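Observations on the three-dimensional arrangement
Here are the chains, one letter per residue:
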4 protein chains.
Amino acid sequence: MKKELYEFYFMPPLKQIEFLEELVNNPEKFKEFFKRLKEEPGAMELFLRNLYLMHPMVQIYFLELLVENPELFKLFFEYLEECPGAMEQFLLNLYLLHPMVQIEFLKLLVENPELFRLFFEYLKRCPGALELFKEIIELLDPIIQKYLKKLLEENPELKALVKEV
Amino acid sequence: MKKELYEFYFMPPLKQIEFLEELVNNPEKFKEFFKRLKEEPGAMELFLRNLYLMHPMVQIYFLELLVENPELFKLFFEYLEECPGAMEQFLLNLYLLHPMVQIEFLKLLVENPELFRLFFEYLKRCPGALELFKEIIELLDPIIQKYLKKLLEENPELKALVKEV
Amino acid sequence: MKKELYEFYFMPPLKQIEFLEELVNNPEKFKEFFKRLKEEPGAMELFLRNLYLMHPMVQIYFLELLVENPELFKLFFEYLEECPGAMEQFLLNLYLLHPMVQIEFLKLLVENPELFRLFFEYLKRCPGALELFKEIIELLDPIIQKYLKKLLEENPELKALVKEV
Amino acid sequence: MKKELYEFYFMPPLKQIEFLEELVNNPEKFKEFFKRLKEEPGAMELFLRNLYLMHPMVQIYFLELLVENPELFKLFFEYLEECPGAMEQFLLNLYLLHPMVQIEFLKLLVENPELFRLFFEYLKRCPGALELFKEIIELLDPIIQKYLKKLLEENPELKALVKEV
């Protein structure tokens, strides 16, 4: 186990892009790889620790593969919702992503409103995350905060979800 | 199409300098390469994402090519005048350039006053944007701001342009 | 002598992890390597300067070896305690670690209470260093300060131990 | 000429360390190399622009050669004092050096008080400038400012030397 997740993380980015472009295009390999990450104790938090430390373009290429293959995004965020603490590990890496990555994540959700709402329901069903999530937004810089407001109200129903919390 | 721009972006910097140098040394290749970026849906925002995430020295070498080869700078900021989200996307990635890169970009424009004024007109001829440009001065470190001030005061005309708004 | 520590620092990170994964799995090599670093004049400062500048995953992985091999963690902070000024250089690089590394370091100590208290003793034992540790903990992002309190409060004894100082 | 400084800057760090460890051990090569940088129009500001963007350990290893070969440090701060902008191109990169590098630079001068005095006089002999040095130390982290004050207290003569301006 452990040597695989470091071997992956220390490949050159082109090989990691190729590895993920194989994996999340084949549901039969995706499903069982996330079984491997939960069969070894805590190993899903070692895969996510390695993930958030990647070159930021590989992180956006990964979220671009999931959001555009949404038959696997709802399942992926079911693993991190079922496993306690992993949702808090997500947000406390999301706050630290270099801001182009936060912008591309935000675009990818507001441009696919089903996958925004489904993600936003998991922040209720993993308990107590919303006060931290509101604080993440509140600690962003004034440029990103202004731009996210101007971007979000391109769909005022998602503005209402953001007001409902 | 898109995998070419990833392949390009993941090359070692010397290959990208060599590619961008051979590209903009040939106006007949420059024009059509941007037609390829503009005809594929949305793809120019994916090339520009890959640009702002480059090694900082390749970003200055690229601007150092255009401004000192300016018969292609006049065309380049025409493409970003055409596409209404792209000028917003430029400034809100400019603010996230390294302070040494912002300093060198400002030197590069103020030392070529025609190409300063042309860029400054595009901020008015594109919708909105100009209040982002002002705040993206005002949000910088006090040392950077004093330096960029003591730089621009060399030209009372370019001082008049920035102070007219 | 000095060339070994630069050659090591400039190897690709997999070779460094291989080198450390051998070294602190062999106590007969561990004690010899650190004796060479204490004996050559100032070389223990040059190994630690090269350590805090590493790729953040090699830094996490190194602490992940020591804390789980505590028969060597005991010795390691004995060497720094027997080299006055090194405990200053420790904290004054810890404050500059990437937040994901500080978070994992804290996690590794509170999940191994003996090795938290052992570390905490040397903050008294190196003359007056404790005040710099308290001050550094006050100088972190406000959501990370609350996250470290929420994490530490999982053990009320160690929660008491940081409050009784 | 100009392409040499990019070919150099894009070599792997071991080659740059080798190239510099050859150069500032041979005064006959050192004076010639900087004469080329002085003669080609603006090229010394292109070398310094490439220098301050280096991997931070190469920046320290370079100053660690000069200060310990001070018979070449005296000449080096003729060049950067003679071009009237170049001293500002030091300080407006020095404020942007990573904090561990600024600490190791400061330590390296405080351990050689005559080379500290030599550098400090060149700030006054280059036009104006000294108020930027006072501002730079006032803008560092509170931990760094406190630590540099306690580090400089190791030499009361240099405490007087920084107080007398």
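Residues numbered from 1 in each chain as written, not as in the entry; some residues may be left out. Chains lettered and ligands numbered in written order. Heavy atoms only, no water.

Method of determination, as annotated in the archive: cryo-EM, at 3.71 Å resolution.

Remarks on the overall build of chain A
Summing up its helical and strand segments, chain A has twelve helices and zero strands in all. Counted from the first residue to the last, chain A has its helices and strands arranged as α-α-α-α-α-α-α-α-α-α-α-α. Over its C-alpha atoms chain A spans a radius of gyration of 16 Å, differing by no more than 12% from the 15 Å that the globule rule assigns to 165 residues. A principal-axis box enclosing the C-alpha atoms of chain A has dimensions of 45 × 30 × 25 Å. Looking at chain A residue by residue over its 165 residues, the buried ones come to 51%. Partitioning the intrachain contacts of chain A with sequence separation of at least 6 by distance along the chain shows that 70% fall at a separation of at least 24. Counting only carbon and sulfur atoms, one obtains 54% of the accessible surface of chain A, whose full area is about 8100 Å². Both charge centroids of chain A, one from 20 positive and one from 29 negative side chains, sit 2 Å from each other. (Helix = DSSP H or I, 4+ residues; strand = E, 2+ residues; numbered from the N terminus. Rg over C-alpha atoms; globule rule 2.2 N^0.38 Å. Buried < 20%, exposed > 50% of the residue type's maximum accessible area, 1.4 Å probe, protein only. Contact = heavy atoms within 4.5 Å. Areas by Shrake-Rupley, 256 points an atom, 1.4 Å probe, with all protein chains shown as cover. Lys, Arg positive; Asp, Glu negative; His and termini not counted. Charge placed at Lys NZ, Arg CZ, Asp CG, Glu CD.)

Some remarks on the relation of the copies chain D and chain B
By a simple turn and slide, chain D fits onto chain B: the slide is 0.0 Å along the axis, the RMSD is 0.4 Å, and the turn is 90°. Seen this way, the second copy is the image of the first under a four-fold rotation axis. Distance from the rotation axis, computed per C-alpha, reaches its smallest value in chain D at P12 of chain D: 7.9 Å. (Least-squares fit on C-alpha atoms.)

Points about the interface of chain A and chain C
Every contact between the two is made by 17 residues of chain A and, on the other side, 17 residues of chain C. With both chains or domains summed, chain A and chain C bury close to 1700 Å², and 73% of this area falls on carbon and sulfur atoms. Counting across the interface, chain A meets chain C through three salt bridges. Among the salt bridges present, the one from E21 of chain C reaches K3 of chain A, with a minimum N-O distance of 2.8 Å. Linking chain A with chain C are five residue pairs in polar contact. Secondary-structure elements contributing two or more residues to the side of chain A that touches chain C are helix 1 (2-9), helix 4 (43-52), helix 7 (86-94) and helix 10 (129-139) of chain A. No other element matches the four residues that helix 1 of chain A contributes to the side of chain A that touches chain C. A breakdown of the residues in the side of chain A that touches chain C according to their chemical character gives ten nonpolar, three polar and four charged. (Buried area = accessible area lost by both parts, 1.4 Å probe. Salt bridge = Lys/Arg side-chain N within 4 Å of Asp/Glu carboxyl O. Polar contact = N/O pair within 3.5 Å; in protein donor to acceptor, adjacent residues only side chain to side chain. Nonpolar A, V, L, I, M, F, W, Y, C, P; charged D, E, K, R; others polar.)

A closer look at the interface of chain D and chain B
Taken residue by residue, the interface counts 18 residues in chain D and 16 residues in chain B. Between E135 of chain D and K146 of chain B there is a salt bridge, and its shortest N-O distance comes to 3.8 Å. Our enumeration of links across chain D and chain B arrives at three residue pairs in polar contact.

Focus on the side chain of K107 of chain B
Within the secondary structure, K107 of chain B sits in helix 8 (residues 99-110). A residue is classified by how much of its surface remains accessible, and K107 of chain B, at 16% relative accessible area, is buried. Discounting residues that sit within four places of it in the chain, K107 of chain B has contacts with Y147 and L151 of chain B together with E45 of chain D.

Structural notes on the arrangement of the chains
There are four pairs of chains in contact here; the most contacts are made by chains A and C. In this structure chain B stays clear of chain C, and the shortest span between their C-alpha atoms is 16 Å. Left apart from each other, chain A and chain D have a closest C-alpha approach of 16 Å.

What to know about helix 7 (residues 86-94) of chain D
Burial analysis of helix 7 of chain D places nine of its nine residues in the buried class, the great majority of the element. Among the residues of helix 7 of chain D, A86, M87, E88, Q89, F90, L91, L92, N93 and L94 of chain D are the ones counted as buried.

Examining the packing of helix 1 (residues 2-9) of chain D against helix 4 (residues 43-52) of chain D
Residues and elements named next belong to chain D. Orientation of helix 1 relative to helix 4, taken along the N-to-C sense of each, is 10°, at an axis distance of 10 Å. Looking at the two axes, helix 1 sits roughly parallel to helix 4. Facing helix 1, whose interface residues are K2, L5, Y6, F8 and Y9, helix 4 presents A43, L46, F47, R49 and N50. Of the residues assigned to the contact of helix 1 with helix 4, the class counts are seven nonpolar, one polar and two charged. (Axes fitted to C-alpha atoms, helices over the stretch in contact; angles between N-to-C directions. Parallel < 35°, antiparallel > 145°, perpendicular 65-115°, else oblique.)

A word on unusual backbone geometry
All names here are of chain B. The phi dihedral of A129 is positive, around 60°, even though this residue is not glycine. With respect to the secondary-structure elements, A129 resides in the loop between helix 9 (113-125) and helix 10 (130-138). On the basis of relative accessibility, which here comes to 7%, the residue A129 falls in the buried class.

Comments concerning the packing of helix 8 (residues 99-110) of chain C against helix 11 (residues 142-152) of chain C
Residue and element names in this part refer to chain C. Look at helix 8 against helix 11: their axes get within 11 Å of each other, and the N-to-C directions meet at 15°. Comparing the axis directions of helix 8 and helix 11 gives the class roughly parallel. In the crossing of helix 8 with helix 11, the sense of the turn from one axis to the other is right-handed. The segment helix 8 lies against helix 11, with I103, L106, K107 and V110 engaging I144, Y147, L148, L151 and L152. Split into classes, the residues belonging to the contact of helix 8 with helix 11 amount to eight nonpolar, no polar and one charged. (Left-handed = near helix turned anticlockwise from the far one by under 90°.)

So, the environment of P99 of chain C
The topology assignment puts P99 of chain C in helix 8. For the pair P99 of chain C and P56 of chain C, spaced 43 residues apart in sequence, the C-alpha to C-alpha distance is 10.0 Å.

Overview of helix 3 (residues 27-39) of chain A
Residues and elements named next belong to chain A. Taking 1.5 Å as the rise per residue, helix 3 with 13 residues should run 18 Å; its terminal C-alpha atoms sit 18 Å apart, in good agreement. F30, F33, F34 and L37 are the residues of helix 3 that are buried. Taken end-on, helix 3 shows its buried residues confined to a sector of 95°, consistent with a single buried face. Those residues of helix 3 that are exposed and aimed more than 90 degrees away from the buried face are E28, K35 and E39. (Expected span 1.5 Å × (residues − 1). Arc of directions from axis to C-beta.)

Considerations on the pattern of salt bridges
One pass over the structure, following the stated rule, counts 32 salt bridges over all chains. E4 of chain A is the salt-bridge partner of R36 of chain A, the closest N and O atoms lying 2.8 Å from each other. Of this pair, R36 of chain A sits in helix 3 while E4 of chain A is found in helix 1, placing the two residues 32 residues apart along the sequence. By relative accessible area, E4 of chain A is classed as partly exposed at 32%. Here the salt bridges do not stand alone but share partners, grouping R49 of chain A together with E64, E104 and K107 of chain C into one network.

Re the packing of aromatic side chains
Applying the stated criterion to the full structure yields 90 aromatic pairs over all chains. For the pair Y52 of chain D and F90 of chain D, a centre-to-centre distance of 6.3 Å together with 25° between the ring planes defines the contact as stacked. Pair noted here: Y52 of chain D is in helix 4 and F90 of chain D is in helix 7, with a separation of 38 residues, a long-range link. Since its relative accessible area comes to 10%, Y52 of chain D is described here as buried. Directly above the aromatic system of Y122 of chain C lies the positively charged group of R125 of chain C, at a separation of 5.7 Å from the ring centroid. (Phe/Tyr/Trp six-rings, centres within 6.5 Å; stacked < 30°, edge-to-face > 60°. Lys NZ or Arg CZ within 6 Å of the ring centre and 35° of its normal.)

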